[PDB]
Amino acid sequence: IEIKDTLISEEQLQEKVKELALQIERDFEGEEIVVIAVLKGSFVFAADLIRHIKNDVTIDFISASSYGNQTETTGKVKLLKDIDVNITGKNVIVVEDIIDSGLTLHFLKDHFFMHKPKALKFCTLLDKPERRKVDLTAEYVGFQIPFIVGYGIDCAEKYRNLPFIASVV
């Protein structure tokens, strides 16, 4: 596994993240927000995003694993770590590094709705809408891209520490 080319630079990422934060602040003027980051890959994006949000922010994490084929086709995942914070009647933004088929995030969506939040929006750094297997439109999207690593995203647990996003093989 070797890196090929830089796809999105460190500076592009920082500018885009600042812009997404402004969009979020506008949509929730004067109100608290709960940010739920999907581990592990979104942790870098989440760390940068929340630091630009001036609203009172509560952050928590969720971890989910695959059941096998079932996950690839239906999005059914096993909750490994559920949320600790209260999102009932709250504004919730679920943060991902990537959304492609949307199957797993759709399943996570239903789980969060059981908690009865006031609002539930999705924020992803990268989006691949051509890979959708279900209806799921993210309200906040950093970049639409055409295997990648960096900025929290790995390849076999490697390269999460790159400050930029790159193509690999």
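Residues carry their position along the shown sequence, with the first being 1.
What size is the break between residue 146 and residue 147 in terms of deposited sequence residues left without coordinates: none, 1 to 3, 4 to 9, or 10 or more? Missing in between: 1 to 3 residues.
Using only the Cα atoms and their B-factors as the entry lists them, report which of 45-53 and 125-133 averages higher. So the stretch with the higher mean C-alpha B-factor is 125-133.
Which is higher on mean Cα B factor in this entry, 88-96 or 67-75? Between 88-96 and 67-75, it is 67-75 that shows the higher mean C-alpha B-factor.
Ordered by C-alpha B-factor within the chain, which third holds residue 12? Give me lowest, middle or highest, please. Middle third of the chain for residue 12's C-alpha B-factor.
Lowest, middle or highest third: which one holds residue 118 when the chain's residues are ordered by CA B-factor from the entry? Its C-alpha B-factor belongs to the middle third of this chain's values.
Once the chain's modelled residues are ordered by C-alpha B factor and cut into thirds, is residue 40 in the lowest, middle or highest one? Lowest third - that is where residue 40 ends up once the chain's C-alpha B-factors are sorted.
By its CA B factor, does residue 26 count among the lowest, middle or highest third of the modelled residues in the chain? Within its chain, residue 26 is a highest-third residue by C-alpha B-factor, going by the deposited values.
What third of its chain, lowest, middle or highest, does the C-alpha temperature factor of residue 138 fall into? Highest third of the chain for residue 138's C-alpha B-factor.
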